[PDB]
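Participant: quick one: experimental structure and sequence below.
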Amino acid sequence: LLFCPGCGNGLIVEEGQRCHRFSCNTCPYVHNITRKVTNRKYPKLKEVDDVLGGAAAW
Amino acid sequence: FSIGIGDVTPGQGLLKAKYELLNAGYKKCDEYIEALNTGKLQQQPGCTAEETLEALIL
Amino acid sequence: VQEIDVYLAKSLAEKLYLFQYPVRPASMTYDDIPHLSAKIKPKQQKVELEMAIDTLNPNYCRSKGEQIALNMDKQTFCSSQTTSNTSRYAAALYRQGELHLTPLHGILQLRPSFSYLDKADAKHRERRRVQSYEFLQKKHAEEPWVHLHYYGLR
Ligand SMILES: [Zn+2]
C-alpha cells in the first residue's frame, strides 16, 4: 500500500511503462528500474517431535 | 461403628511429612517456573513452553 | 533549570487560525509558496487554491483530458472544522530567551477537496436538511478574496 501525494487513494500499478497511475487524477510516478521489494517473510514449518512414550504411566 | 473428628485429625507423622512435601514440592516448582521465563527451559514433545510447564506442574 | 518566561502576548491572535494537513506526511512536504488562485472562508475555511500539478511526472495526459473540468489544475481543499470550544489551544512562537503566548481561533483541518468526481457524475446526469444554515451563509462562502504572501511578522 503506497499512497498518493495529492489525493491519497492507494497503490495501483499500470503495467504500461512502469507507472503508478491511480484511479483518480493522474500522478503516475514512472519508477525507473528501481527494484520493488516486498518480502513479507512467512513462517517456516518447524520439524517435528516423536510424541514419545516417556510418560503415559501415571 | 461410628465416625468422629478423631478419625480425621492428622497425627504427628503426617504434619512433618506434609510440611516437607509442601516445601520440597514448592522449591522445584519455583525453579521450574524460573527455568522457563528467566532462561531456557526444555520442552516436552506436546507443545511449547507455558503448556508443558503446567503439565510438569501437575 | 531553564526558567524562560512566557509573555501573554496581546499581539492580536484573532487573526491566528491553525491549519492542519492529515494529507502530507510522506516526505516533509511543504505546501510550497508559489501557488495562488487562493480562496478561503472565515467559517468552514474551504481553502481553494492553485495546487497546480507538476509535469515532471510524465504529462498524465489523456486521463487529465478525461477529467472533464480542470480549469493549471486546482487541487482544492474543503476545511473539516474541529472548533467546538476553541481556546483550549493557544500557543505561539518561542525562542530560548522569550516566550509569546497568543490565543488562537478555531483550528481547521484541510483535507483535499475533490469535486471533480462530484461534478463528473452530474455531467452524466445532464447526459442535509438546513444544510447551508438559515442565512445560506450569503457571505462566509462569499468571503474568498485571499492573498497568501510572505512577511516576517512577530
Ligand atoms: Zn492520485
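Facilitator: Nice, thanks for sending it over. Residues are numbered from 1 along each chain as shown, chains lettered A, B, ... in the order given.
Participant: now do the contacts for residue B:35.
Facilitator: By CB atoms under 8 Å, 6 or more residues apart in numbering or on different chains, residue B:35 lies in contact with residue B:41. For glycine as for every other residue, the C-beta is placed from the backbone atoms N, C-alpha and C.
Participant: that's a helix at it, yeah?
Facilitator: Yes - looking at residue B:35 with DSSP: H, G, I helix; E, B strand; the rest coil, it is inside a helix.
Participant: so which residue is smack in the middle of chain C?
Facilitator: Compute the mean C-alpha point of chain C, and by CA atoms, centre = their mean the closest residue is residue C:47, 4.2 Å away.
Participant: contacts only, for that residue.
Facilitator: C:19, C:38-40, C:76-77, C:79, C:110.
Participant: mind checking how far it is from residue A:6?
Facilitator: 15 Å (CB to CB, to the nearest Å).
Participant: sec struct for residue B:16, please.
Facilitator: What three-state DSSP gives for residue B:16 is helix.
Participant: do the same with the one 3 residues further on
Facilitator: Counting by three-state DSSP, the backbone at residue B:19 sits in helix.
Participant: same check, this time on residue C:118
Facilitator: When classified by three-state DSSP, residue C:118 comes out as helix.
Participant: where does chain C get nearest to chain B, residue-wise?
Facilitator: For chain C and chain B, the shortest gap (CB to the nearest CB) falls at residue C:25, measuring 39.4 Å.
Participant: what number of residues lie near that residue?
Facilitator: 10 (other CB atoms under 10 Å in any protein chain shown).
Participant: for residue C:116, same thing?
Facilitator: Per other CB under 10 Å, the neighbour tally for residue C:116 reads 18.
Participant: tally of neighbours for the residue nearest to it when sequence neighbours are not counted?
Facilitator: Distances taken as CB to CB, 6 or more residues apart in numbering or on different chains place residue C:67 nearest to residue C:116, at 5.9 Å, with adjacent residues excluded. Neighbour count of residue C:67, defined by other CB under 10 Å: 17.
Participant: now do the phi/psi pair for residue C:67.
Facilitator: Main-chain torsions, residue C:67, degrees, to the nearest 10: phi -60, psi -20.
Participant: sketch out the helices for the chain, chain order is fine.
Facilitator: You didn't say which chain, so I picked chain A. Assigned helices in chain A: none (criterion: DSSP state H).
Participant: was after chain C, sorry
Facilitator: Using DSSP H, helices in chain C cover C:62-66, C:116-126.
Participant: mind telling me what element the most centrally placed residue in chain B is part of?
Facilitator: In chain B, the residue lying closest to the centroid (CA atoms, centre = their mean) is residue B:25, at 4.2 Å. Using DSSP states H and E, residue B:25 maps to helix B:12-37.
Participant: next SSE after that helix?
Facilitator: helix B:52-57.
Participant: is that following helix anywhere near chain A?
Facilitator: No - for a cut-off given as CB under 8 Å from any CB of the partner chain, helix B:52-57 has no contacts with chain A; the smallest distance is 9.0 Å.
Participant: residues of that helix that come out buried?
Facilitator: Within helix B:52-57, the residues scored as buried using 16 or more other CB atoms under 10 Å in any protein chain shown are B:52-53, B:56.
Participant: these also near the ion: which ones?
Facilitator: Taking CB under 5 Å from the ion as the test, the ion is in contact with none of the buried residues of helix B:52-57.
Participant: so how many other residues sit close to the residue in chain B that chain C sits nearest to?
Facilitator: Of all residues in chain B, residue B:37 sits closest to chain C, at 39.4 Å by CB to the nearest CB. Residues lying near residue B:37 (other CB under 10 Å) number 10.
Participant: quick one: it and residue C:78, what's the gap?
Facilitator: For residue B:37, the distance to residue C:78 - CB to CB - is 54 Å.
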